[PDB]
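Working notes, structure below.
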Ligand SMILES: O=C(O)[C@@H]1C[C@]2(C(=O)O)C=C[C@@H](O)[C@@H](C2)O1
Ligand SMILES: O=C(O)[C@@H]1C[C@]2(C(=O)O)C=C[C@@H](O)[C@@H](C2)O1
Ligand SMILES: [Mn+2]
Ligand SMILES: [Mn+2]
């Protein structure tokens, strides 16, 4: 029923303490409303636990994201919209790890350059809400780090013990993804046989067979000539969790720096990116690579201010700007943002989020996304970058290794009536096994010279 | 004018001496008619010279040809019809080495397996003749190891000092091919850029551009994932040369064996393959991989007898059977040969020679070959093997890195009137730079699954 | 000389095919431009699947002919 | 509703194209069978270059349409 843990370390450098305290004294949107004394007790437990990631892996990610920023690699970021403790199981994790590897080999062939793989995993347990009371009149579900999905009042109370449950689930998952990435799942030939089974059994396989066959000949060629790292990420939302997981280490200049060891990279969402808020200030104090989500109310001028605050030393790949405009708005809204930022001399990664600007409620009462709109935003994103001569750096996608019925369309041609089949997401609709693979194939075509 | 060399070693094992003597006491077709005393003096010089090849390289070739025989690699053999001392220069050798490397990367991609590269080089200095008096009434030219190309009687006398000149030219050439194969010419990316320049400038480039682009994406993919041996061969024709270049070494069973160190592999031609003759018997005494040319008068029964005499220990890849039937005869004549040999349990390499069964004299007075007939024989060869379920193991082709005008057709559409432009071969017409590349692309299509 | 006569026919069939392919691309463009001015997407996934499916009677190469016609109509992706 | 009308046209153009492609392959086969029974080659390199060249007005994809028509006529190589 309950685990019991008793409460009964070296100080930070004086300047890092001052800066951390100042970041956390700024106002913060979307925080849990639990008591400060209970939060503090939970953070004290987390301050001594083994970290989810280590500094050397974060420094290595930074070097790989620098190549992406310079136009010599591509970033694939993907996973569940919301991880749940309930589905934090071996089959679910393996299914997502495999999906990401499958998409990555397809994208690598299309881009003709390395693909950096960042999973939404081992921490994606918190979400923001526009309304604190939902459609059933209950306090809103804010992810398993905060409260329960169950539609009852007791379940929806904010519960600080979920910080520690979140850590435990994150460690366990990350342990498995490390294991899985040094196993036979690694092998590029095994990973691509899955894609060819997908081509054989998919209703739209004829659309993708030529490209699947060409990839298979590239792999066999490589072998005829004599011839896996998955990073963890989540939205840095709950500051009690992120601050508890900070650790001091010597950074890429040999001086002690603060690393958030809850993940390798984190991003700041649309509702928490206040320029003078705690999330942006917290991002300025940590050594991790960071991303900021940019929606349709973004100005070129605010985008530059984010770049100058978050990438003050002009470190290629330290900052990612994640575009989510809507498929009908991206072609008009993005170019002015890109031009103004390019002119600063900084090298950010431009990443497309084709999911969050394109959501709508179906007549059957399910929030859903159409495949054609998702594809069209990624396409428009590539067009904006071709015209300006800039690098389309990656995609940020929400997916699952399960055959869910959540997003409309694809090869399966999922309808409004089919959405009830198994709509399993705890939050936003995921592209299923098939639809995620389809998009990787379509984006690989977009990447071709 | 002349180099001067004075004449003024351990005995073979008793059984190897007995067997060598017996092989050489058999009748031998197509031999030079110079005095025995002068031949002996020249062979004594050659018996102490550094060899052109070494036993360990021949044992390694055998292992690679075994894979070809088992259906897991492909053999590309090619070079000048006749090497001349005159053209034994750096540009000519480099041009042929590069042509072979260019064709090989194309074939490797198409076959989806390794390609073993054997050049007709560093020894292809002797040819047989059906007539001892040629069309000008002169004694026939028999290659620079025997006499001179020049149309005068003094030049056509058989000259035993050419055994030593042949060695000297062979060493020098082989030295350079070793150097060239461990240089920047090695790089697969450099080799394939030449093919793409060929595609850009060839009149028939549109025929080959899709495949060239697909290969380039395979190479870039290989590099995005984090990722040269040329063997010497010639027809073993002049027994004075081949016997002088024998050396004793421990073979693939640890027992002393005789290796012909004038080359890595040799073949026996149509006019010297008498089953009870010295060439076949000599081939039985050496440890090198061997080939036998099979024309349209070959019976399935004689083919088996060659296999049983030449591959008595059932060593995959030790024997190659080189088919040259004519494009109009290969589909009918080859299947019975292949079926009878497959049924013995031996694993020979089946190699296509699309050149020698398809020669004709043009109206302008030049011996020539049509490209369509060369392509059609290779095609028919593949069809014979598809139908029987056997492995089409390779091709034996005559080529040059120069833009000669010798074979009719190709992208350039060489005509009878164009053949006079620069018909440079000392013997049979070679496929030029462009036409050799074209055939490699066409054969790569034939190899596709 | 049945070959010259038969090749004479293939020439006609190629002029006929070429002209219907040029036509199809212009019509394909006009459908794309109308949908886009009206706020709709560039491509329609389900419709491209219909187009692929109706060349399946040609065998394995049928889908590659359809995909090639789609490229001539709505262009290459991400351009 | 100009889209339905325009798509209605593309359907016709696809039925038209499909039928001329089936025709071309049958004629292509008959030229190959006549030449081969008479002792000639399977393929004619210079003629395939003419066929490729006369689809060049379609742009870069033109040669790939021609090569695809050649495969439907004389089959894949080495088969
Ligand atoms: O909706 C459409 O019909 C048009 C034509 C098109 C085609 O080329 O056939 C088919 C589907 C769409 O992706 C594009 C291309 O718009
Ligand atoms: O000679 C010919 O005309 C026929 C027809 C063909 C074609 O498909 O167009 C064109 C050239 C040849 O290689 C083949 C295929 O035979
Ligand atoms: Mn989401
Ligand atoms: Mn020859």
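All residue numbers here begin at 1 and follow the chain in the order shown.
Quick reminder: no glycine exception, Cβ is built from N, Cα and C everywhere.
In the record from Swiss-Prot, residues B:120, B:270, B:271, B:293 bind phosphoenolpyruvate; the candidate from B:94, B:243, B:318, B:324 listed for the same site is B:324. What Swiss-Prot records for the Mn(2+) site is B:81, B:398, B:428, and among B:346, B:356, B:360 the residue it adds there is B:356. Within 10 Å of the C-beta atom of residue B:324 (phosphoenolpyruvate binding site) sit 22 other C-beta atoms, taking all shown protein chains into account. Between the candidate binding-site residues, B:120, B:356, the densest Cβ environment within 10 Å is the one around B:120. Taking CA atoms as the reference points, residue B:398 (Mn(2+) binding site) and residue B:324 (phosphoenolpyruvate binding site) are 13 Å apart. Cβ neighbours within 10 Å of residue B:428 (Mn(2+) binding site), excluding its own Cβ and spanning all shown chains: 18. In this structure, the C-alpha atom of residue B:271 (phosphoenolpyruvate binding site) lies 13 angstrom from that of residue B:356 (Mn(2+) binding site).
Checked against ligand 4, the binding-site residues B:270, B:271, B:428 give B:428 in sequence order as having a Cβ less than 6 Å away from one of its atoms. If you draw a 10 Å sphere around the CB of residue B:398 (Mn(2+) binding site), it holds 27 other CB atoms from the protein chains shown.
A 10 Å cutoff on Cβ-Cβ distances gives residue B:270 (phosphoenolpyruvate binding site) a total of 17 other Cβ atoms nearby, all chains included. Counting other C-beta atoms within 10 Å of each candidate's C-beta, the binding-site residues B:271, B:293 are led by B:293.
Between the alpha carbons (Cα) of residue B:270 (phosphoenolpyruvate binding site) and residue B:428 (Mn(2+) binding site) lies a span of roughly 15 Å. Remark: residue B:81 (Mn(2+) binding site) has B:120, B:124, B:398, B:425, B:426, B:427, B:428, B:429, B:430 as non-local neighbours, by Cβ distance under 8 Å and separation of at least 6 in sequence.
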